[PDB]
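First chain written, first letter: the chains are A, B, C, D, E, F and G, and each begins at residue 1.
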Amino acid sequence: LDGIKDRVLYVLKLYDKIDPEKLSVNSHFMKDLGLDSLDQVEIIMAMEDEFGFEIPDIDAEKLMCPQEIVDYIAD
Amino acid sequence: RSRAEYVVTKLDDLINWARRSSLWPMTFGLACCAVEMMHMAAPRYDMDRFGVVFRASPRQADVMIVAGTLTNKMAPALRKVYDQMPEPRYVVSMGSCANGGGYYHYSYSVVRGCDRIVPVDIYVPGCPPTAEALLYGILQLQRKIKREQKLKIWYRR
Amino acid sequence: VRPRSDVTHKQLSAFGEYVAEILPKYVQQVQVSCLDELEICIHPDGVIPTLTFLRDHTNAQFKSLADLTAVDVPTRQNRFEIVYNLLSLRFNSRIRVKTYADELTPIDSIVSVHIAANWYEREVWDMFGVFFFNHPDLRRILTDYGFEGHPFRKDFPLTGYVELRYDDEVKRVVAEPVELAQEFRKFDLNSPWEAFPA
Amino acid sequence: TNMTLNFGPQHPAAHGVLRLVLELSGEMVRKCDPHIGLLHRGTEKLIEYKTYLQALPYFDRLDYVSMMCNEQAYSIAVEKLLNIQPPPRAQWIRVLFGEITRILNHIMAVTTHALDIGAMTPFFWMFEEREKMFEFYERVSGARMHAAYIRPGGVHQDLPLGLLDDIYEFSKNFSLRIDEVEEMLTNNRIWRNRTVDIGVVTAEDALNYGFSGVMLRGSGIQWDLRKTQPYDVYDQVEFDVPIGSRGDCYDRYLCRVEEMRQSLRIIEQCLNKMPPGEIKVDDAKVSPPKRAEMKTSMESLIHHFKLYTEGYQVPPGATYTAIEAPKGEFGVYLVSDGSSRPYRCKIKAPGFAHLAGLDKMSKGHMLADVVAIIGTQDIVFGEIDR
Amino acid sequence: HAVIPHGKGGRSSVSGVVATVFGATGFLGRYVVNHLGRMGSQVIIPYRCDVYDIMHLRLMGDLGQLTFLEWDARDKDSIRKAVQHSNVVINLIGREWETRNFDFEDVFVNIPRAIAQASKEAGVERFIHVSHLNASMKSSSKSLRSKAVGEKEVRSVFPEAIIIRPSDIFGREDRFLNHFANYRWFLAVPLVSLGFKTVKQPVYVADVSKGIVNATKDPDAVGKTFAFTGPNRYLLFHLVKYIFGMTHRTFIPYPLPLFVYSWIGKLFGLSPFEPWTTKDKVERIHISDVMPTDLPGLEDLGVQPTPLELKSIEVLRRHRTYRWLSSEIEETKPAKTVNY
Amino acid sequence: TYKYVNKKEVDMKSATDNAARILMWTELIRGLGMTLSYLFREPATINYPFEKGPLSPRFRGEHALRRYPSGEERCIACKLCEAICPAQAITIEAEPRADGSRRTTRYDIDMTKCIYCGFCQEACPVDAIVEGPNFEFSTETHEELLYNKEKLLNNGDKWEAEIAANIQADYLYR
Amino acid sequence: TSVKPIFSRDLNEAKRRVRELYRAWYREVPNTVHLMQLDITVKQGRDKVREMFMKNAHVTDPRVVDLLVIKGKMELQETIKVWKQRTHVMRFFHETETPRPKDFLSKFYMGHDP
C-alpha cells in the first residue's frame, strides 16, 4: 500500500522538470508545483507505464495529488 | 602504340561506347510529356532502334527522364528513385514543366524545376517536347557520354 | 446569340417553385438563370433534407452528383458558397443547390445521400477549409502531407509560403520560405469604363 | 495491416503518380485507399489570375490524352456566359476534332490497359495510328498535342487546305487497325479471363458514386451527354451509344472499342457535311480581329489590342457545362464576375469519381486485379489532381 | 569592387562573395560550397575531376551562382583565369595518399603557393588556406610536416592570408569516423598502444564549413590561424569502441607495434587505387591531438561546435548491419570524455 | 440510338466445336497469325538523324525575333506579347533609342517557363516574335535555355529564310 | 456572439480533447523516431509536440480549439501509417534555415524591412 507511494514518488522526480526536492504527497501538480496542465498529463502517463495500468482520460483530471494517485492505483 | 595514355584513351572510349549505345531509361511519367515519350517508344520514332529499352526498373536504369510537373508531394519520391539507381546514372529533364516550372511555375504545389531535386544533364524544351526533340535530347546525352574521359583522369590523377 | 429554348426556361422555373413549395423550410431565392439553369439556394441545415428529396422523389429524381465546389467570396460574411450540381438521368435535367458556410461553421456531409461526395468533400476541406460533419474520413486529398493552410482560399498567396529543394548537408528535401526569382507580374486588367448593361 | 504495401507512383502500372496504399492479406486486397495530389499543380487557382484566353491552354493540360475535347468544355462554358455561339463551320470542326480526340483517348486507354496486363504489341500497332492523328493536330494547330485550337469563340484558324482529305484516308483505313487489335485481344483466351467478371459495378451504385462515363454505360445505364444534351452539332450527326451488359472490365472495354468504331461514323459524316463559312465569331468583342483587318482598320487594332492585353470581359454569372469527354462527363463550373479574368473554375474531372470507386470495385481482389481496374477507368492523373 | 547584399537570406538572394574554391569536390569542400551557395555567394569551383562527378554540387547552388572551371595544378595559367574575377580564394587542396605524379610536398605546398601568388596578382581581398591541425616542420608525419612548411610559404606569397587549421574532421563521408567503423572487414581492429595516449578531438564537418564561410564574411580574421577543434576530446579507445558501438559490431582492440603497423600502411599504400590506409595516415592517427593554444576557431568565428555523439548516428548508420539500423543513439551508451 | 456490345443450343456439332476451341487453343493460334502477318509488313520507323518526321508550317517549335529586310528589328516594344503570355515567360523593358524610335532594351523569353502556346506569335502587331520551326535546341545547362534579345535575334537571323517561307504559307489562313 | 458549436459547448469540455490528443501524440513520438529512423531525440520530439500545442495556447474560443484538434488528429494519422515520410516529419524540426533574428540591431543590419 505504501509500495505504490514508493513507485509514485520515484516517477515524479525522474522527469526532472518537477520535484527538485519539493516533492510531497500532499503536493498538487497544478496547485503548488505549477507544473503545466499538459505536463501533468505527461505525469499521469508516466505513472501508467511504471504501474502497468493505463488510467482513463478523465480521472487524470481529478488526481493532481501523488498520494491520491496511489489511492486510485490501489483500487 | 603502347605509351599508356593512348592505351587508356582507347579503353575509355570502349567504356563510353558501351554506356552510350545501351542506355536503359525509366519514365516517371509525371504529367503528359509521358505521352510524347510513349510516342518515341512507338513505331515512327523507335527508341529501341538506338539501344534505348522501352522500359526499365530503377535498379537497371541508366537514365531517368523526368517528364511532367514535379509537384511538391512527388518531389521526395523523385529523389528516392534517383538515389536508388546505379553509380553511372544520368537525368534527362523533359518538358517546360520539369525544365523550369512551366505553365505551373508560380503554383504553390509545383517545384520550379527538377534540377532543384535531381542534378539534370540534358534539358529537353517544349510544353509537349516533340518526340523527335526528346530523341534529339537522348542523342545529345549520347554525345555527352562519348566525351566523358573517366580513366584518363584516373591515369592523370 | 445562343439558341435559347424558352420551353426549358419555363419547365425548370415551374420545378423551382415545385421544390420551393415542397420544402418551404431550408429553401430561398430559387431562380432559373438566363442560362436555362436552376439554382435552388438552401439554408446550410437543409443540406441533407433538400438533397435527399431530389435523390429520391418520383417527380424529381437527381441520382448523380456532378460536382461539389466552394466559391469563396471574402466579402460575404459566410465566406464559402458550397455549390452542389446534380443530374437527372430520367428527366434529362440538371439542378444546382448552393448553401453558404463560414470558416468555422461546418456543413453536414451528404456522403449518405451520394457517396460520390466522399472525395469532393475531402477536396473542399483541403482547399477551402470548410468542415463536413459525419464524414467517414476527412483528410487532405490534393495538398502535400504536411501542407499548412487551405490553398484555394482567396486570401492564400498563389506562390504560397513554402517551396522544396534538396539540401546536401542534410541529404534530404527541405522546405524553406518561398523566394521567387521573378515575382508573378500582377497585371492590372480591369478597365475604368463599364459596359451599359444591355 | 495485411502487409500493407503502397502501389508505386513510378510503377509502370498506373499513370505515374498513383500511390495506392493497399493492405493485402498475401495476394488478396482487403482495402484500397488511393492517394492523390501527386500531380496537383494548382490549375484551379492559377486560372483565377489569368484572363479567359490565357487560361485556355490550362484546359489542354488538365487531361492531355484528351487534349481538345477538354477545351471544347471551356469554350462552350465561356460562350454560354457571353451568350455567343460559334459559327457553323467551327462547330463541325470541334465535332471533327472532338471525335478524332476520342479515338486518340481510346487508343490510349485500350493499348495502355493491355501493356499493364502484359500485351505489348497492341500499343505499338495503334500508337503508329495515333502518331498519324497527332499530325492532324499539328497541321491544324501547330502543336502535336496541347494545340489551343478550340478557343472560346470557335476555332482559331481554318483547316489547312487539304486536311480533310487526309482525315479521310486515315479514317478509311483505321477500322482495319481496330479490327486487328481485336483479333489479338477481344477473344483472346486470356484477355477475357483477366478482364471478365473483374470490377463489376451495379447500375444503381454507378449512378450513386457519380461514375458518369463508359463506366455507367458499361453497366447498362443509357446515358451519353452527347445524345441526351447535345452540344455543338453532335445533334446533327447520327451515332449509336455502345451500351453494355454484365458490366465488367471486359464489357466496358468492348464499349470503348465500339465508340472508336462509332466515332469513325461521326468523323465520316463531319467530312461529308462540313459547311463553307467562318471559323470564329464575327464579334470582334469576343473573337480577335483578322490580322489583315487589324493592320488596316483602326477599330480592328483597338479590338486586337484590348482583346490580347485585357480580355473578353464576360458578363457576370455562373454556369456548369458538361460535355462527353472521352473519359466521361468533363464539366467546368465557371463563376465569373464582370472582369476579364475568371473568379472560380472548378473542373469536374471524370476520374475523381472513378478513382473513388476503386475501393468499391476492387474488393477481395488480387494484386493483378487492381492493375486491371485502374486501366478500366482511364485514369489520367492530370484531371484528378488538377 | 563589391556587391551590396540584397535579399532575405536564402537561395535566389545575393551576399556578394565571389569565391574561387579549388578543391571543392572534397568532403570538406562539398560542405563549403553548400553554405556559400545557401547564403547566395558567387562560387567559382575549379575542377579536374570528370563532369559526371562534379554534378552533385550543381543543385545546392542557385541559377548562375555556381561556375565550374577546367583547371590543372601543373598548368599555372588555369589558376590564373579562375581567380581573374573572384575576390575571395579558399584553398582546400590536399590528398592523404601520395599519388604517382603529385607527391605530398607538391599538393600541400607547391600547388597552394602558386594559387596564393595568383590572387595577390589578381587582387583578391582575402585568401583562406587550410592546413591540418598540430602541424610542425619536425613532426612525425610528412603530410603534417609538409603542410606546416606550406602555411609558411603562402604567407610570403599572400600576407595576412587567413590560415584555418582543422583537426581530423567528423562528418558523413569523412575518414576519421568511417575508417574505424570499416575495420569491421578486418576481424581484428589493430590499435597502436591498444588505442591509448592519442587523445583526439573531432570536429563536425559543418562546423568547420560554417566557420570557414564566416571567415569569408568577417573583417576580424586576417593573418589569423584559427583552430576549429571540437566540443569534447577522446582517447582513441572510446572512439573506436563507440563507433563499433553505434555500428553494433564487435570490438577487439588488438595491440600492434606502430613499427610493424607503419608497415601495414605501407602495404595498402602500395595499392594503386586509393590506398585505404597510409603510412602517413597511420602516424597521423596515433599522432596525439594538440591542446588548443592557437587562435580559437569555432565559437570564436561564430559557430558553436557540435558534439560527436549527436550526429554520429547519421555517419555510422550505413556501416551498421541488417538489424540495429533502427537502434538510435540515446538507448545506446555514449562513451566517456578524456581531456588529458 | 443504342447498341448492345455483349448481350447474350448445345449440339455435339456446337459443343465439339467449342471443346476443340478450348482443347487445341484454336483462338490463341488465330492471334499468333496476326503478329506473324505484320512481321512481314514494312516497319514505319524513320532514321531519326537522316530522315525527319514531317512538321507543317504552323509548327511552333523555338522562339525567334524577326527583323525588317532593311535590317531594323521588327519589335517596337508594345509589350502585349508580355501581356498575353500565359506563363509570364517574356520580360520586356524598353527606352527610346537615340534614333528616337521605340525599341526593347531587354527582351528575355524564359523557354523553361514558356509552354510554347504560340499566342505571342498571334498577339504581335508587327509580328516580330514568331514561333520558329526548329524544335532541336536541347541544352546541357539550365541557363542556356533562358534566352535574351541577342540569342533570339541571332535565332531570328539564322532561321529567317524558313520563318519567312512558313509565315508566307500561313498568313492567308490567319 | 450567438455561435453554433462545432465540438465543445464550452472550453472546459474542449480542453479535454486537446489533452487526449496530447496523450496520443505523446505516445506516438517514440514509435515514429524509430520507424522513420529520424536523427532526433524521443525527448526532443516530445519537446516539439509541446511547443506546437502551446503555440496555439492563446486560443480562447471553443469552436477554434475543436477544429485545431480536428486538424491535429489527421496530422498524427498521416504521421502514423508512415504516410508522412522522414522529410515531412523532420520539417517540423526546421533545419537549413538561418533563424531570423528579432533584435532591432540584427534587423537593421540585414534586411530592408522588419
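One rule holds in what follows: contacts are C-beta pairs under 8 Å (C-beta built on N, C-alpha and C of every residue); 3 or more make two chains touch, one makes a residue touch a chain.
The fewest steps needed to get from subunit A to subunit F, moving only between touching chains, is 3. Any chain bridging subunit A and subunit C, meaning touching each of them, is among G; the list is complete.
Measuring from the average of all protein CA coordinates, the nearest chain centre is that of B. Chain centres computed from CA atoms place A at the largest separation from subunit F. In whole angstrom, the spacing between the mean C-alpha positions of subunit B and subunit G is 40.
With centres set at the average Cα position, the gap from subunit D to subunit G is 42 Å. Averaged C-alpha coordinates give centres for subunit A and subunit E that are 51 Å from one another. Put simply, the C-alpha centre of subunit D and that of subunit F have 20 angstrom between them. Residue positions 8, 10, 38, 56, 59, 63 of subunit E each touch two or more of the other chains.
Contact with two or more other chains is made by residues 44, 55, 83, 86, 88, 110, 115-117, 142 of subunit F.
In subunit G, 83, 85, 87-88, 96-97 are the positions where the chain touches two or more neighbouring chains simultaneously. Subunit C makes touch with subunit B in their complex at residues 142-145, 151, 156-166, 173, 180, 184. Of all residues in subunit F, only 1-7, 22, 25, 27-28, 30-31, 33-35, 38, 44, 54-56, 58-60, 78, 80, 83-86, 115-119, 122-123, 125, 127, 131, 170-171, 173-174 touch subunit D in the complex they form.
Chain contact summary for the complex, subunit E toward subunit G: residues 5-6, 8-10, 38, 311, 313-314, 317, 325-326, 328, 330.
Contact residues on subunit E toward subunit F in their complex (touch as defined above): 63-64. On the subunit C side of its complex with subunit G, the touching residues are 104-106, 131, 138-140, 144-146, 167, 169-170, 172-177.
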